[PDB]
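To start, the structure itself, in structure tokens.
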Amino acid sequence: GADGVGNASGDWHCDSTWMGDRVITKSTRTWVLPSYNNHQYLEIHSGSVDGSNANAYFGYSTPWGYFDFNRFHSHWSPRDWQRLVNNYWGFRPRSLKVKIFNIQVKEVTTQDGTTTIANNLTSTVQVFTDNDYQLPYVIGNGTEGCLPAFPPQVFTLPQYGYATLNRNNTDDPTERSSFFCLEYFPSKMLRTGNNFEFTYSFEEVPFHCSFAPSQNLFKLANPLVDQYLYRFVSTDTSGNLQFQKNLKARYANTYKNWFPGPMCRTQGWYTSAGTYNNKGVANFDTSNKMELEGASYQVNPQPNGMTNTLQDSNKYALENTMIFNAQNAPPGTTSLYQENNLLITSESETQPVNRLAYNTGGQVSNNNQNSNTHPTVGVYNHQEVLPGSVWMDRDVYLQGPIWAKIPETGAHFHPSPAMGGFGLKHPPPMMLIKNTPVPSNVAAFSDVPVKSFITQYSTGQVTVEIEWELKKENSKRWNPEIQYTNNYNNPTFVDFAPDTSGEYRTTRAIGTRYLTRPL
Amino acid sequence: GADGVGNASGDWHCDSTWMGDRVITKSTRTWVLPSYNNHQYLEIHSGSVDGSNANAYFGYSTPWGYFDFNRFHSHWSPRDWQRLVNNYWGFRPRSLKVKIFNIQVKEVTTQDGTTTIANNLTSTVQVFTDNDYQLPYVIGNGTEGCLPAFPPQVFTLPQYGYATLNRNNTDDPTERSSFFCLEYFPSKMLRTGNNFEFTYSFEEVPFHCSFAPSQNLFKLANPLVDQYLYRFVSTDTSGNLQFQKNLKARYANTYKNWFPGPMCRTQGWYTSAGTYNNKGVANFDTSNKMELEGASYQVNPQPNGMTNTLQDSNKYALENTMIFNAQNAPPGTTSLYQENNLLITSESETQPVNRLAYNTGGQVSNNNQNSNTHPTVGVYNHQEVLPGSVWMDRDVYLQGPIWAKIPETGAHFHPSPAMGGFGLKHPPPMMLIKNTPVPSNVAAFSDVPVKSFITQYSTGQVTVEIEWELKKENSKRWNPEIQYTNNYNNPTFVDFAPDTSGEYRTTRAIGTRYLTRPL
Amino acid sequence: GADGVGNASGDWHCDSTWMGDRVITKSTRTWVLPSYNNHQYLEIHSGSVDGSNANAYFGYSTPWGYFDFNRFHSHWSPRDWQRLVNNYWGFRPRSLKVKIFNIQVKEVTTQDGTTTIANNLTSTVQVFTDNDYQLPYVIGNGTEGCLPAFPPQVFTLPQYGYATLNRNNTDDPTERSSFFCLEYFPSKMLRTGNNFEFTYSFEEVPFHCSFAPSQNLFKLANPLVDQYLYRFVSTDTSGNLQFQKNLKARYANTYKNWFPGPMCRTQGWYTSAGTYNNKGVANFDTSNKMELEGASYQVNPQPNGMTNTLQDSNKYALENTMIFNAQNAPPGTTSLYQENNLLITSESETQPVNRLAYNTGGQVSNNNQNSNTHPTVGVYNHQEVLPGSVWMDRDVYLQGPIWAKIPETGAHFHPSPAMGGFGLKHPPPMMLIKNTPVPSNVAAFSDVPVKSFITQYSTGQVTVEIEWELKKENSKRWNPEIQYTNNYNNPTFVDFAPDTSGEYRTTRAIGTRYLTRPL
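Going down the list, the sequences are from chains D, H and 2.
Each position in the first sequence, counted from 1, maps to that position plus 197 in PDB author numbering.
Each position in the second sequence, counted from 1, maps to that position plus 197 in PDB author numbering.
Each position in the third sequence, counted from 1, maps to that position plus 197 in PDB author numbering.
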């Protein structure tokens, strides 16, 4: 932008603007960027870890870092989120603007145990966006490093890396393994006066459904009126078939037009009461898994179409659950966490249309009845998509992801990501940034590449603006709705606020489904 | 319409008009409307009934009643239906017009065991349509109360009620239970001179397929020509692999492009011969079921994609069958019915592409073969939608439903209702009507609402006009087709006609699939 | 309107329409009108009753009845009210439309213990509005007879009567007592085809404040900074004056710009725990009272400016409280009611700016200090309006009144009615209606007025439409707000819904103050 050393290249924008059918969120944060890998690209790999060869991989770490705004709380204050979920039947993203500005590059020198930091006014950072999706898209896998929830917090940009193909579930590559060089893209170079701006339009995507059903999928018939349909009930002692009319309100017997969503049975576990759970279990051997390339992988939180719990029940299908930490956690922690440390979400709103993850799905005939053979049924633990099936996709959370990239295979079905949010063919592109290397003193020629660099890091601001489209509520429900509310019994701190040490406290996961609709 | 006491507000229209690619049906009937619940809204509920807690519910009954034209015989005479199904490959509804007129409100007084009926010229009825689908949509669940099949028959409008959510499969409500007040809508008020008119356009929907396949899905290859493809046949005594060419007409061995529809195995039962059936069976424990919200429900007639019987066979998968009564039945009857009382439909036309409901679906490899281990297979009793699968949706019947509302969840697959007919996102809206309350003598003030009303009922005519689009047959079949025909051996009455007592007799269910097409 | 016998003169309108800054409510109800006093005007009076001569009065009852829509639930469904109070900082009425239509006049004859009811097609009702406020305005005194909360309920119009002046607190009139004849106004006469319409604009009036303060009136100073002001603290042993700086956050000592509202101390009583209350008290002798014309009257709920309770406390100043019945009650009941029968409102939201009704207001110096005389203070139990005082007026409730007429005296202060709502100089005018008398058989002349009339009553519909202006919330609060929500533990019925007998159940009083604002 050529603002120059003494002129700011942008202003602080954090706001929300509510229009009748649209809302515009604006978020600004301060970032800091290390020089990762000391300006080197490094092959990274691993064999089997923790007794699973699904943990083997081959890939690369890069000197670059990237901006990740793919969580709802990056854009939405808690109050704004409340206003959203209490009043609207749905929402979707429409457009995006990003600005990176007020660049400051610092040099670091260490001498005799003391560290000195100074401006380097002539250094650059490099920024580009991968508009054609030519790089592995690591955004939307639920990884850390997003713009923080709380605007004053200063955050470190995560390092860009990726896994390509590995051979036979080992740490070796294959002939098809790809290396991607990020310097092989055009990128803008910014000194301290320069800035970067980017605009993007979302593709057409369905509204997220921010309502809960007020009817049960199998109870849709008028309770006052019989069906004109008849069901087989019994055989008499001579084997003749006997039938009965399907009476009003007998929902066990009514013919059905529509069927519940697909399910994969998932083990149920009791929360807050240990005495009901089986003691000293190691989950991993009995976890739900899918096989790929000769290895077994955990598939949490299972495909869409189930509910992980019943309302006002302490039993959860944990592998069907999005589980968040109430606090930020250090990288690499292996510590065991307990329920009170975590935010365990509930999909219970969808229980009228989604099957319960920890029960059987149903039963079908498994034999051929005859004079000597009584009819029998088998139960089933999984059932995939059926003609005429309906379900609700997983809810989104203030703490949760927004979008995910639909993999490019040429074939898919119902592209809504398991974690929740908007499946996108062309998502917001990766935004990559790195500190340009500055060599240190070099006296003599060599054909060997320079390895010795001045230690530098950079800092600046980033602004993200998203236009959201809203779907208005159009309910005729007479009695009041359930609404998210700030109710606490004798609080010692304000939730969604900094505490006495300045830590931002969040003790609840807030979903979107409060208002109701009939089916 | 302000016609006035002595002027009719509409005329009787029952006709059909056949245009080349369209047909317009017009139906007029006389209705009678009780004052249900004596102008009160009543909470209705139930616990477990007949040993099933799937029969528990919570809901409301309303003073309103509603017009239900959602059966084919409301619009189609038997002869017209014959003309449709013998000559056309498909049809779909396009537009709708409804008129309610010639309102007559009667007051009823009972004194000393004698009942007197008189006109009340100044009373009103109230009518409205739920255009935004803001109320539970109870139409399209197969319940009674439709416009009668036979035009002179006078019918009672059914009472509007609905089930909302209940708690833990009991008779209690939950926090999410909805109460809907129908007086919270604008509605037109009609005295005896007034009328009501409504028009509606159907959304684009696929033609119903009124043909049967003349080829088997697995027999599509030219019987005169070998495939250029080879199959594994055996291993020799040294374990070497052996292969053979797939020969002409060997349809057991041909490679396949396409696969049959999804299936859920359903128990088969013999009709008209009791000796083959298992004696004294109570079906309910061994019925097919699906689990929802912690309860088990019968899912008849199963999802689309199966056939319930084979042509010229007496074995039926009864829970895969639409079963109608030949006669109208009284409300609430628990009597046992026998086969000769009922119309048991057959989907046998689809047997070349739909799998047979009472057999296994197939078999797949269940182990890993090696030097010491012979290959084995398991059979499967259910198989859901596969890539490249094809099937035919259930046929529609003169006696059967027309449309159903697709539930509003944001996610579904192949929205064609299990019962048969057209799945609609925005179906013809509920048309609701009630007798406006007229208080009786009130001498003194009270803040308590008036409970004492003059007993009234109303009667009038309703006309429904539907424009249907037709898909012309374009067959090159040389030999004659199967056609629905009026063939009876020594009849003692005319079918689809009133008998000596005036009862309208219908002894057959008439489907649509007579003409054939190659695949 | 001259619709005629067989033509409806209006339609049913109950709806709400939400525009961005305005909301339009439309309500329609069915009414029934007795012929009160058999078409006679009657002097009514009373002496001392229950030992209080404040109960003496002189006045008149009229044959007329009147429409009273002066309660919020006449216009607002519970869900709509929820939407209002959760999202907006205020509202006020703007315009009004009323229609009376579908008139039906019935004649009643009783013979041998049996009652017969028939239409009288040629009878009239008479309607007029008192546009110039020339009659005693009885609307807005908290009396029964309003349009019901629940739209299907049919209600009886209350009888119009009024009290004029009485002599010396007895049952006699004075020379200044006024008799008002309602037939001395022009009025429209309606047969069964006719209707009546009226439109009205509200005067400019302040928005009701639908928010609660998030700051305490005495805590407004920055807690991080000292005042530059000093306070007298002590005298030393020689009598010299000593002073100290007012330190940061010491809100006991800070100089104040502003002062709390006016108060009248009111006795506090414990709810739900009887053991803390004084036993067997008769309240009336110790009630708060004001004297007028030589008699003593209870002044509940006291003037504005107090709070009746503290948050999460069981102590209430009951005479400072609006107390509603959860149910409709019969006229004239003397039964004792208990807390669980009643809705006891809480003004606790205003506790940061309004003084607590059951404590003392403060203390002031009551003597002159000197060498021999220690300073003393008296406490005070009442304090009226002070310069620089601020307070919040009483909240409004879904169950409560909307407006009140400011008395016409030429002098008043802060005209907001004690009960809550909008003080209006020219409120919506009285709407009066009566059944025109129809004499019975008269054979001979007399100069004495006819006393013998055919017994008649009338019924019809009334529609009321109000345009409301809204004040949008403009909060920067980061953390979530308190919101009214439909939370019930194991409900056996749906609140704000009809129960199994059809009774409309309301177990909560819903105020407007949920959102917060800083001072």
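In this text, a Cβ means the ideal position worked out from N, Cα and C, and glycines have one as well.
Taken through DSSP and simplified to helix, strand or coil, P275 (chain D) comes out as helix.
Listed along the chain, the chain H residues whose CB falls inside 7 Å of the CB of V422 (chain D) are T340, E341, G342, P355. The stretch 241-248 of chain 2 and the stretch 335-351 of chain 2 do not touch, with fewer than three beta-carbon pairs separated by less than 8 Å.
Ranked by how close their Cα comes to the Cα of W209 (chain 2), the residues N686 (chain H), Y257 (chain H), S384 (chain H) have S384 (chain H) in first place. For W675 (chain 2), the chain D residues whose Cβ falls inside 8 Å of its Cβ are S274, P275, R276, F693, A694, in order along the chain.
Excluding five sequence positions before and after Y427 (chain 2), the CB atoms of its chain that fall closer than 8 Å to its own CB belong to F440, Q441, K442, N443, given in chain order. If you check the CB distance, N299 (chain H) and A205 (chain H) come in under 8 Å. With a cut-off of 8 Å on Cβ pairs, the stretch 221-233 of chain 2 is not in contact with the stretch 329-340 of chain 2, counting fewer than three such pairs. Excluding residues up to 5 positions away in sequence, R219, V220, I221, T222, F288, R289, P290, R291 lie with their Cβ nearer than 8 Å to the Cβ of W665 (chain H) in the same chain. Below the 8 Å Cβ cutoff, chain 2 contributes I314 as neighbours of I651 (chain H), in chain order. The DSSP assignment places complete beta strand (DSSP E) segments of no fewer than 3 residues inside the stretch 542-575 of chain 2 at 559-562, in order along the chain. Contact note: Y254 (chain D) does not reach chain 2 at a C-beta cutoff of 7 Å; the least C-beta distance is about 41 Å. Counted as a single uninterrupted DSSP element, the beta strand (DSSP E) harbouring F325 (chain 2) occupies residues 322-326. When C-alpha distances from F264 (chain 2) are compared across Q658 (chain 2), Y577 (chain 2), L553 (chain 2), the shortest belongs to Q658 (chain 2). Contact between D590 (chain H) and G708 (chain H) is ruled out by a C-beta separation of about 12 Å, above the 8 Å threshold. DSSP places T472 (chain H) within a helical segment (H, G or I) once states are collapsed to three. Within the same chain, Cβ atoms closer than 7 Å to the Cβ of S637 (chain H) are found at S649, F650, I651, the five residues on either side in sequence being excluded.
Ranked by Cα distance from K445 (chain 2), the options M460 (chain 2), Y425 (chain 2), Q464 (chain 2) are led by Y425 (chain 2). Of the residues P260 (chain 2), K486 (chain 2), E401 (chain 2), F255 (chain 2), the one whose Cα lies closest to the Cα of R364 (chain 2) is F255 (chain 2). Taking 8 Å as the upper bound for CB-CB distance, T472 (chain 2) and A418 (chain 2) are not in contact here, some 42 Å apart. Using beta-carbon distances, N578 (chain H) counts as an interface residue toward chain D, with a partner under 8 Å.
Here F269 (chain 2) carries a helix assignment [DSSP, helix/strand/coil].
In terms of Cβ geometry, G585 (chain D) and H242 (chain H) do not form a close pair [threshold 8 Å].
Between the alpha carbons of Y711 (chain 2) and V402 (chain 2) lies a gap of roughly 22 Å. Residues of chain H whose Cβ lies closer than 9 Å to the Cβ of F690 (chain 2) are, in chain order, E240, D369, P370. For the C-beta of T319 (chain H), the chain 2 residues within less than 7 Å are, from N- to C-terminus, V202, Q301, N316, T389. Rounded to whole angstroms, the separation of the alpha carbons of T557 (chain H) and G458 (chain H) is 13 Å. In this structure, DSSP gives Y233 (chain D) a helical state, which the three-state scheme calls helix. Listed by position along chain H, the residues whose Cβ is nearer than 8 Å to that of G618 (chain D) form an empty set, because the closest Cβ is around 13 Å away.
Collapsing the DSSP output to three states places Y263 (chain H) in a strand. Flagged as an interface residue toward chain D: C378 (chain H), by a C-beta distance shorter than 8 Å. In this model, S532 (chain D) and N497 (chain D) are separated by some 20 Å (Cα to Cα). Within the stretch 658-684 of chain 2, those residues whose Cβ lies closer than 8 Å to any Cβ of chain D are, in chain order, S672, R674, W675, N676, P677, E678, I679, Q680, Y681, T682, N683, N684. For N316 (chain D), the enclosing beta strand (DSSP E) starts and ends at 311-316. Per DSSP, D482 (chain 2) is one residue of the alpha helix (DSSP H) stretching across 480-483. The beta carbon of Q237 (chain H) sits closer than 8 Å to some beta carbon of chain 2.
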